[PDB]
Amino acid sequence: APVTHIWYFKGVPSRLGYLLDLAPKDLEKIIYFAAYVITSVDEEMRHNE
Amino acid sequence: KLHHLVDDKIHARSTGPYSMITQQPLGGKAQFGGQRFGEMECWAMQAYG
Amino acid sequence: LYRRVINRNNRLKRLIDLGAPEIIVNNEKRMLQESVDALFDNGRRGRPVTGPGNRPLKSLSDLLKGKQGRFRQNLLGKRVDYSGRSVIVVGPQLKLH
Amino acid sequence: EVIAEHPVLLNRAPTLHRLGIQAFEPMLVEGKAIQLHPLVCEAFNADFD
Amino acid sequence: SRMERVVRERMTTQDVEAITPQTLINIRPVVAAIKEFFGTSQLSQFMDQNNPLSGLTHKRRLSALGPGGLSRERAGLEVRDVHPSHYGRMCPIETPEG
Amino acid sequence: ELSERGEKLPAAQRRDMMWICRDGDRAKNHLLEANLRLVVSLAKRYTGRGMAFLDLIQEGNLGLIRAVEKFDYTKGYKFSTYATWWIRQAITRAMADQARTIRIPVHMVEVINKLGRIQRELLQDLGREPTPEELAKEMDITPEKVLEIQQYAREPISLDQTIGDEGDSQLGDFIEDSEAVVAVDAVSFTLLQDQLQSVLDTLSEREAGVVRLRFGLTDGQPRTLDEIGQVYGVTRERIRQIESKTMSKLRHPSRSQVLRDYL
Amino acid sequence: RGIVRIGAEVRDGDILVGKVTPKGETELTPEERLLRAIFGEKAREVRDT
Amino acid sequence: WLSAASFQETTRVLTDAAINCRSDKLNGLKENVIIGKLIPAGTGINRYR
Amino acid sequence: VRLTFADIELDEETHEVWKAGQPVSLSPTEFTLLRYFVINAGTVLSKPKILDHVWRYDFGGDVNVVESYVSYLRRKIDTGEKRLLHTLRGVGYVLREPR
DNA sequence: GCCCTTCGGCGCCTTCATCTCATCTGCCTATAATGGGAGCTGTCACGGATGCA
DNA sequence: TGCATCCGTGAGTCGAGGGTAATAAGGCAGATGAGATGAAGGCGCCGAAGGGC
Ligand SMILES: [Mg+2]
């Protein structure tokens, strides 16, 4: 299973958090299996339904 | 007379053994040694030109 | 550390192929993530992975940091051959050169 | 015979400034103590303690 | 403490009246702990004996580094100073120059 | 049975069958997740050696996963009693072949464990360290094997632990690289090769070539006599004779003294 | 017995105890074969450490 | 990046250089010292070399 | 100068052996193997360096030859199943009086 | 005085099968056994996210 | 928007000085590569000597 490089997730600037517009407190909860994220949503399938 | 006699304080080597990971010669009197040419002396040698 | 990575990866492979409840699979994936974490940089997150003698293990990052790292210990300054060392004594009868 | 006009470098840790490494010419001496010229002590910050 | 843990583990796994203190006791951790202390510990060091005074001064010496103590990097400037209470208790002159 | 050598599944024999399949799946998962507490409770006594706590917990989880399949309710005992044996088996097996940097087969990690237990049980009863001959008497095996297993069980050490009383250097700084070239014996070997070439060129060319390909100097392989005959158009007895001539002339003290010095 | 006589003078490089280890095997150089062929020296199957 | 990574905060500058795909010129003093090239000062410049 | 071990004895001149005082005739290369065994008595023998020193370096044959030769040494002098010429699995053979 | 060319003689030297001896890998054991041991943290200064409010 | 709150960086130069520890684990079947065996073929080497030019 894929894993995240610590050099980029964890640091004084969280580079992964900067790119993805999140926070390290809102990334450790995910790449360490504490909370889910919504990978993608269906926009039209929700607009008509 | 202090226990810093020159007989136990003179050391020199031409070609002794070397370390495993890096091929630098080892250090100390038990091993054949080799004086450490640190970066501070690198500063002096660079300043000399 | 490489043995830990290999063990976790093999056990995760066994869990996936066998078919296990998602809690155990998630725990194994977390252990894999933390094992790669320890391999790349031990002690960066959480308590460092410790071996015998109760000392932090030397990961890849710790081999490139500080005075004892490769950069300022083996690259910048090296132990050299054709060298010696001894006590100094005044030589008042010597010439300047 | 072979030490005829062969320069040899002398250094003292710590090497603060450029003059902390000086190239002399060596003369064979009995004993086991390197004989330093008294004048170059100040440049070396060397002392005989 | 290790002894108490192991004996607490063992006293329940065996039926009553079939259990004896000898089988409740496994002296291995105690000797392991004393061997751990006496060797490979920096507070019990190789005797510095090259004259009677060195032997005398190696004992009756007060150290501050080790388990429960402060390392030299952890040591500030204030601790290294001489306290007015040092008088008569700890010599203010005898201390290594390093 | 119905997929291969079956038929188009009707309404009541497909959806209901898959539903009981999924129901059994979630029932197994439910009891498994309920009983992981037993695994984590049992793994507490197993830490402190070899592997970490959570690794042991995971291996016990795998053991329980295996155990739930073979658990038989018809025999009428609590599931914990049967599951404990399988969990212990999985943990012991994993600690045997996974907790060592130098992996050791279980068949003889068993005898290391038994040797340790018997020696430490007899030490307190006798009051002294048990001599390996007496341990062998308790083994019903030769003592030499006892010393062999004693020296096998020794685990490797770390190259990077600070070795001094004060922290200044690591162990790996004090280990000499044996594989490194001496840089003195290399020049000696080159000069020896030069001396050999001079000596051989001093000899007759046919003899020099014969011995050179006899000991495989110029090439990688020494050759048998018939190869020498095929490359020089002579019989193998003639090559034996010329070899006799070679080491006869090579015993000459002019070459003997000039080459024997090189040792 | 293989060790220095008591009351005997030694210096740097002198042998102290004669301990001989089975050398096992290695690449016997062809030049070694010609060397033993010139003097009749035995293979000396052990390593003198 | 090679000079900066050998001075301070090695992991941070290393990660930043990896992200930016920084191409070092291997032209400075410390870089040439590291890679074994002639230092670009004194007797290392093309006027004197 | 004759080299002896337990009940086997060798004369370096005329290349014969006594086994417990009984003279025995034996093959030349087989005799060289026995010479290696006595010259390194108490030290284990491995097939490779046995091949390296005793045999020519041009030997292109298989590995069964040395095992067969050891079998001949067994059937000539150490006829007993347990024998002074012990064998080590993967490490070869050794000449040693059993304990 | 020995080369050119012989039968065969067991040896011997391999080589093919072809058997055993450790050595190692996977599987099974049914009263019940159901939630971490332990960790000691705090130098000095200095730039920056940070959880809330 | 503060604003404490913390969180990761820096902190010397050569030399005395080497290595410290638990636990329920056990029969049993199969297999597998190493090493023990026996048998048969392709020369070796001679034991004979042929012989003459
Ligand atoms: Mg001074």
# chains A, B, ... in the order shown; residues from 1 in each chain; ligands from 1
>>> select_by_dssp(residues="chain B", states="strand (DSSP E or B)", output="ChimeraX atom specification")
/B:11-13,18,25,36-37
>>> write_last_selection(atoms="C-alpha atoms", output="mmCIF file, in the first residue's frame")
data_model
loop_
_atom_site.group_PDB
_atom_site.id
_atom_site.type_symbol
_atom_site.label_atom_id
_atom_site.label_comp_id
_atom_site.auth_asym_id
_atom_site.auth_seq_id
_atom_site.Cartn_x
_atom_site.Cartn_y
_atom_site.Cartn_z
ATOM 1 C CA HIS B 11 52.375 8.387 16.261
ATOM 2 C CA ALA B 12 52.794 8.368 12.487
ATOM 3 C CA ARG B 13 51.605 6.304 9.546
ATOM 4 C CA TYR B 18 40.763 1.925 6.325
ATOM 5 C CA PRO B 25 41.654 5.688 7.421
ATOM 6 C CA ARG B 36 42.024 14.171 11.141
ATOM 7 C CA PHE B 37 42.247 16.975 8.575
#
>>> residues_near_ligand(ligand="ligand 1", cutoff="6 Å", atoms="only C-alpha atoms (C1' of nucleotides) and all ligand atoms", output="PyMOL selection string")
chain D and resi 47-49
>>> closest_atom_pairs(of="region 10-96 of chain E", to="region 114-136 of chain F", cutoff="8 Å", atoms="only C-alpha atoms", output="Markdown table")
| residue | atom | partner | partner_atom | distance |
| --- | --- | --- | --- | --- |
| E:26 | CA | F:124 | CA | 7.9 |
| E:27 | CA | F:124 | CA | 7.5 |
| E:28 | CA | F:120 | CA | 7.6 |
>>> write_last_selection(atoms="N, CA and C atoms", output="mmCIF file, in the first residue's frame")
data_model
loop_
_atom_site.group_PDB
_atom_site.id
_atom_site.type_symbol
_atom_site.label_atom_id
_atom_site.label_comp_id
_atom_site.auth_asym_id
_atom_site.auth_seq_id
_atom_site.Cartn_x
_atom_site.Cartn_y
_atom_site.Cartn_z
ATOM 1 N N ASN E 26 12.555 -16.599 40.427
ATOM 2 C CA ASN E 26 13.475 -16.789 39.306
ATOM 3 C C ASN E 26 14.488 -15.646 39.370
ATOM 4 N N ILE E 27 15.622 -15.904 40.021
ATOM 5 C CA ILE E 27 16.532 -14.856 40.482
ATOM 6 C C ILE E 27 17.270 -14.172 39.337
ATOM 7 N N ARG E 28 16.961 -14.554 38.099
ATOM 8 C CA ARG E 28 17.694 -14.027 36.946
ATOM 9 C C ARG E 28 17.672 -12.504 36.840
#
>>> closest_atom_pairs(of="chain D", to="chain B", cutoff="7 Å", atoms="only C-alpha atoms", output="Markdown table")
| residue | atom | partner | partner_atom | distance |
| --- | --- | --- | --- | --- |
| D:15 | CA | B:41 | CA | 5.8 |
| D:17 | CA | B:44 | CA | 6.3 |
| D:18 | CA | B:44 | CA | 4.3 |
| D:21 | CA | B:44 | CA | 6.9 |
| D:32 | CA | B:6 | CA | 6.4 |
>>> select_by_dssp(residues="chain A", states="helix (DSSP H, G or I)", output="VMD selection string")
chain A and resid 6 to 9 15 to 20 24 to 26 43 to 47
>>> residues_around(residues="region 26-32 of chain G", least_positions_apart="4", cutoff="7 Å", atoms="only C-alpha atoms (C1' of nucleotides)", output="PyMOL selection string")
(chain F and resi 215+217) or (chain G and resi 36)
>>> write_last_selection(atoms="C-alpha atoms", output="short mmCIF file (atom, residue, chain, number, x, y, z; two decimals), in the first residue's frame")
data_model
loop_
_atom_site.label_atom_id
_atom_site.label_comp_id
_atom_site.auth_asym_id
_atom_site.auth_seq_id
_atom_site.Cartn_x
_atom_site.Cartn_y
_atom_site.Cartn_z
CA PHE F 215 49.90 -22.51 -14.95
CA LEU F 217 49.47 -16.95 -16.50
CA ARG G 36 57.29 -23.30 -4.37
#
>>> residues_around(residues="residue 39 (chain H)", least_positions_apart="2", cutoff="8 Å", atoms="only C-alpha atoms (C1' of nucleotides)", output="JSON, numbers by chain")
{"B": [46], "H": [28, 29, 30, 32, 33, 37, 41, 42, 44, 45]}
>>> write_last_selection(atoms="N, CA and C atoms", output="PDB file, in the first residue's frame")
ATOM      1  N   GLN B  46      42.292  26.606   1.972  1.00  0.00           N
ATOM      2  CA  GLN B  46      41.623  27.402   0.948  1.00  0.00           C
ATOM      3  C   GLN B  46      42.051  28.861   1.007  1.00  0.00           C
TER       4      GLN B  46
ATOM      5  N   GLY H  28      31.255  26.371  -6.955  1.00  0.00           N
ATOM      6  CA  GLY H  28      31.739  27.096  -5.803  1.00  0.00           C
ATOM      7  C   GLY H  28      32.914  26.417  -5.126  1.00  0.00           C
ATOM      8  N   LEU H  29      33.283  26.978  -3.974  1.00  0.00           N
ATOM      9  CA  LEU H  29      34.438  26.489  -3.230  1.00  0.00           C
ATOM     10  C   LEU H  29      34.136  25.152  -2.563  1.00  0.00           C
ATOM     11  N   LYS H  30      33.085  25.115  -1.744  1.00  0.00           N
ATOM     12  CA  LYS H  30      32.785  23.917  -0.969  1.00  0.00           C
ATOM     13  C   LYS H  30      32.367  22.760  -1.866  1.00  0.00           C
ATOM     14  N   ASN H  32      33.427  22.097  -4.985  1.00  0.00           N
ATOM     15  CA  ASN H  32      34.641  21.523  -5.552  1.00  0.00           C
ATOM     16  C   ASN H  32      35.461  20.801  -4.496  1.00  0.00           C
ATOM     17  N   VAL H  33      35.459  21.302  -3.260  1.00  0.00           N
ATOM     18  CA  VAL H  33      36.134  20.588  -2.180  1.00  0.00           C
ATOM     19  C   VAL H  33      35.484  19.228  -1.958  1.00  0.00           C
ATOM     20  N   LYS H  37      37.265  18.212  -7.072  1.00  0.00           N
ATOM     21  CA  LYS H  37      37.777  19.073  -8.122  1.00  0.00           C
ATOM     22  C   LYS H  37      38.680  20.150  -7.529  1.00  0.00           C
ATOM     23  N   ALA H  41      40.150  28.886  -6.680  1.00  0.00           N
ATOM     24  CA  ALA H  41      40.904  29.987  -6.106  1.00  0.00           C
ATOM     25  C   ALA H  41      42.373  29.603  -6.052  1.00  0.00           C
ATOM     26  N   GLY H  42      43.226  30.615  -6.026  1.00  0.00           N
ATOM     27  CA  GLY H  42      44.655  30.361  -5.986  1.00  0.00           C
ATOM     28  C   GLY H  42      45.118  29.679  -7.256  1.00  0.00           C
ATOM     29  N   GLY H  44      43.969  27.135  -8.714  1.00  0.00           N
ATOM     30  CA  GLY H  44      42.936  26.314  -9.312  1.00  0.00           C
ATOM     31  C   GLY H  44      42.262  26.957 -10.506  1.00  0.00           C
ATOM     32  N   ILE H  45      42.488  28.257 -10.703  1.00  0.00           N
ATOM     33  CA  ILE H  45      41.851  28.946 -11.817  1.00  0.00           C
ATOM     34  C   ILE H  45      42.606  28.661 -13.112  1.00  0.00           C
TER      35      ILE H  45
END
>>> residues_around(residues="residue 14 (chain G)", least_positions_apart="6", cutoff="12 Å", atoms="only C-alpha atoms (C1' of nucleotides)", output="NGL selection string")
:G and (3-4 or 8)
>>> write_last_selection(atoms="N, CA, C and O atoms", output="compact mmCIF listing (two decimals), in the first residue's frame")
# COMPACT_ATOMS: atom_id res chain seq x y z
N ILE G 3 55.88 -19.62 23.33
CA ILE G 3 55.80 -18.26 23.85
C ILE G 3 57.19 -17.80 24.28
O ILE G 3 58.12 -18.60 24.41
N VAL G 4 57.32 -16.49 24.47
CA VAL G 4 58.62 -15.90 24.76
C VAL G 4 59.13 -16.38 26.12
O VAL G 4 58.37 -16.51 27.09
N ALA G 8 63.22 -12.27 28.67
CA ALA G 8 63.76 -12.05 27.34
C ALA G 8 63.31 -10.70 26.81
O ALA G 8 62.16 -10.29 27.01
>>> residues_around(residues="residue 45 (chain J)", least_positions_apart="6", cutoff="12 Å", atoms="only C-alpha atoms (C1' of nucleotides)", output="ChimeraX atom specification")
/K:9-11
>>> write_last_selection(atoms="C-alpha atoms (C1' of nucleotides)", output="tab-separated table (two decimals), in the first residue's frame")
chain	number	residue	atom	x	y	z
K	9	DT	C1'	16.96	24.64	14.25
K	10	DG	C1'	22.02	26.09	16.07
K	11	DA	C1'	25.50	24.91	20.59
>>> interface_residues(of="chain E", to="chain K", cutoff="7 Å", atoms="only C-alpha atoms (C1' of nucleotides)", output="PyMOL selection string")
chain E and resi 36+39-40
>>> interface_residues(of="chain I", to="chain J", cutoff="12 Å", atoms="only C-alpha atoms (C1' of nucleotides)", output="tab-separated table (two decimals) with C-alpha atoms, in the first residue's frame")
chain	number	residue	atom	x	y	z
I	26	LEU	CA	46.75	-48.26	-1.44
I	27	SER	CA	46.31	-46.14	-4.55
I	28	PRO	CA	48.61	-43.15	-5.20
I	29	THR	CA	46.10	-40.27	-5.22
I	30	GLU	CA	44.19	-41.98	-2.42
I	59	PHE	CA	40.23	-30.66	-12.40
I	60	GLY	CA	37.00	-30.36	-14.37
I	61	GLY	CA	35.16	-33.33	-12.90
I	62	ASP	CA	32.23	-33.55	-10.52
I	63	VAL	CA	32.25	-33.64	-6.70
I	64	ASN	CA	31.43	-37.34	-6.25
I	65	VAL	CA	35.09	-38.27	-6.82
I	66	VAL	CA	36.23	-37.05	-3.40
I	68	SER	CA	34.09	-41.98	-3.37
I	69	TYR	CA	37.76	-41.64	-2.44
I	87	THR	CA	32.50	-36.49	7.95
I	88	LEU	CA	30.99	-33.02	8.34
I	89	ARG	CA	27.89	-32.10	6.34
I	90	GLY	CA	28.84	-29.27	3.99
>>> closest_atom_pairs(of="chain C", to="chain A", cutoff="8 Å", atoms="only C-alpha atoms", output="tab-separated table")
residue	atom	partner	partner_atom	distance
C:26	CA	A:33	CA	6.6
C:27	CA	A:33	CA	7.8
C:29	CA	A:1	CA	6.9
C:30	CA	A:32	CA	5.4
C:32	CA	A:3	CA	7.6
C:33	CA	A:3	CA	5.4
C:36	CA	A:3	CA	7.5
C:37	CA	A:6	CA	6.0
C:40	CA	A:6	CA	7.2
C:41	CA	A:6	CA	7.2
C:44	CA	A:10	CA	7.9
C:45	CA	A:10	CA	7.9
>>> atom_distance(atom1="CA of residue 12 (chain F)", atom2="CA of residue 74 (chain F)")
28.7 Å
>>> interface_residues(of="chain J", to="chain F", cutoff="6 Å", atoms="only C-alpha atoms (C1' of nucleotides)", output="list in words")
residues 30, 34 and 35 of chain J
>>> write_last_selection(atoms="N, CA, C and O atoms (P, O5', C5', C4', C3', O3' and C1' of nucleotides)", output="PDB file, in the first residue's frame")
ATOM      1  P    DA J  30      -6.834 -31.126  22.494  1.00  0.00           P
ATOM      2  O5'  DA J  30      -7.303 -29.632  22.813  1.00  0.00           O
ATOM      3  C5'  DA J  30      -6.901 -28.997  24.018  1.00  0.00           C
ATOM      4  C4'  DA J  30      -7.967 -28.024  24.492  1.00  0.00           C
ATOM      5  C3'  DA J  30      -9.086 -28.646  25.314  1.00  0.00           C
ATOM      6  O3'  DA J  30      -9.594 -27.695  26.235  1.00  0.00           O
ATOM      7  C1'  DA J  30      -9.970 -27.841  23.277  1.00  0.00           C
ATOM      8  P    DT J  34      -9.762 -13.746  30.072  1.00  0.00           P
ATOM      9  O5'  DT J  34      -9.137 -12.978  28.817  1.00  0.00           O
ATOM     10  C5'  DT J  34      -8.269 -11.868  29.018  1.00  0.00           C
ATOM     11  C4'  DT J  34      -8.898 -10.585  28.501  1.00  0.00           C
ATOM     12  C3'  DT J  34      -9.964  -9.975  29.402  1.00  0.00           C
ATOM     13  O3'  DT J  34      -9.965  -8.564  29.257  1.00  0.00           O
ATOM     14  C1'  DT J  34     -10.948 -10.616  27.360  1.00  0.00           C
ATOM     15  P    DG J  35      -8.907  -7.666  30.066  1.00  0.00           P
ATOM     16  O5'  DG J  35      -7.948  -7.092  28.924  1.00  0.00           O
ATOM     17  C5'  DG J  35      -7.008  -6.076  29.235  1.00  0.00           C
ATOM     18  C4'  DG J  35      -6.567  -5.356  27.977  1.00  0.00           C
ATOM     19  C3'  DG J  35      -6.303  -3.863  28.154  1.00  0.00           C
ATOM     20  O3'  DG J  35      -4.924  -3.634  28.394  1.00  0.00           O
ATOM     21  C1'  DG J  35      -7.942  -4.167  26.504  1.00  0.00           C
TER      22       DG J  35
END
>>> atom_distance(atom1="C1' of residue 28 (chain K)", atom2="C1' of residue 27 (chain J)")
8.6 Å
>>> closest_atom_pairs(of="chain J", to="chain A", cutoff="12 Å", atoms="only C-alpha atoms (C1' of nucleotides)", output="CSV")
residue,atom,partner,partner_atom,distance
J:47,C1',A:12,CA,10.2
J:48,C1',A:12,CA,7.8
J:49,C1',A:12,CA,7.9
J:50,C1',A:25,CA,9.6
J:51,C1',A:25,CA,10.1
>>> write_last_selection(atoms="C-alpha atoms (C1' of nucleotides)", output="short mmCIF file (atom, residue, chain, number, x, y, z; two decimals), in the first residue's frame")
data_model
loop_
_atom_site.label_atom_id
_atom_site.label_comp_id
_atom_site.auth_asym_id
_atom_site.auth_seq_id
_atom_site.Cartn_x
_atom_site.Cartn_y
_atom_site.Cartn_z
"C1'" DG J 47 11.36 32.18 13.42
"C1'" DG J 48 6.50 30.15 12.62
"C1'" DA J 49 2.36 27.39 12.56
"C1'" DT J 50 -1.64 27.16 15.80
"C1'" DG J 51 -6.08 26.20 17.73
#
>>> residues_around(residues="region 23-25 of chain K", least_positions_apart="3", cutoff="9 Å", atoms="only C-alpha atoms (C1' of nucleotides)", output="JSON, numbers by chain")
{"F": [46, 88, 89, 92, 110, 113, 117]}
>>> atom_distance(atom1="CA of residue 32 (chain I)", atom2="CA of residue 225 (chain F)")
21.6 Å
>>> interface_residues(of="chain K", to="chain B", cutoff="12 Å", atoms="only C-alpha atoms (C1' of nucleotides)", output="PDB file with C-alpha atoms (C1' of nucleotides), in the first residue's frame")
ATOM      1  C1'  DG K  12      34.552  22.871  19.546  1.00  0.00           C
ATOM      2  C1'  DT K  13      39.402  21.193  18.683  1.00  0.00           C
ATOM      3  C1'  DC K  14      42.385  17.280  18.892  1.00  0.00           C
ATOM      4  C1'  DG K  15      43.766  12.335  22.877  1.00  0.00           C
ATOM      5  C1'  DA K  16      42.031   8.123  28.335  1.00  0.00           C
ATOM      6  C1'  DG K  17      38.169   5.230  27.198  1.00  0.00           C
ATOM      7  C1'  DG K  18      35.847  -0.949  23.720  1.00  0.00           C
TER       8       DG K  18
END
